[PDB]
């Protein structure tokens, strides 16, 4: 059957047969992100995504026939990798000073594209020179990013994610005993590692005020136990939690990035779908809804622009059915 250009019409499991090609495409996309070339960035991310869905490895140029998101530029990169097992284009990016600095600087929690570009133009090349500088002033987010750097750069494994789930559930049921807590993000998609642990929290009987106060109550509780290392509440919150080694089957603990999302009970299917990801799967779900169905999808609702009506859903399956899409399992959304 014909491979769709949309990640939401493809099954993408964690068995990637084309990592030689996708690692190169991911590097080229990242360089275009840094150079603020959004269009070229997105084209390399889509090409990498479609190759991740293939049930076989590309071994010749003939194998690329009929695969969407592979134009002339991308096919030239694939040809070069088939030639000698390496990408000369990705090798040039890996040796570029601007690219090396951007990767290193943005690896700090609280440092994005703008601050990384600023530090590079100031002549900084190492994290040690940035941290020891007497004129630089750091945001509260960056201070936490540097303080817990080694823990946050080492990423989270499944026993750690599960130990965090227990902490989240224990804290949440203390204030809302009927609340449903679901682990979302990469770990829901079957990943054995991740940069953080994400959760969706919802309650069938909580009031508008109870729903608003839960994240404040849960973070104050952790602050009292000395487990809240960083907190930013937007409803959602970006946290750094202290995970004691005794809770997971040196200092005796590990800093873990945790994100919590609280949503009204009736919108829980839209929120679950939006927070499960992957990022490419989400973008293509919304792109497909707009361009193929004249619908508008977000983390709270699904709207029909022609009929001028909102479509209701109690599950992810009902959202896929409204969109006219075959149901894709969470472990098949690794686009």
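Residue numbers count along the first chain shown, from 1.
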| query | finding |
| --- | --- |
| Missing residues, deposited sequence, between residue 114 and residue 115 (class: none, 1 to 3, 4 to 9, 10 or more) | none |
| 32-40 versus 292-300 - greater average Cα B-factor per the deposited record | 32-40 |
| Residue stretch of maximal mean CA temperature factor, 95-103 vs 191-199 | 95-103 |
| Ranked against its chain, the third holding the CA B-factor of residue 171 | highest |
| CA B-factor ranking of residue 109, expressed as a third of its chain | lowest |
| Lowest, middle or highest third - CA B-factor, residue 126 | highest |
| Lowest, middle or highest third - CA B-factor, residue 185 | lowest |
| Third assignment of residue 209 from its chain's C-alpha B-factors | highest |
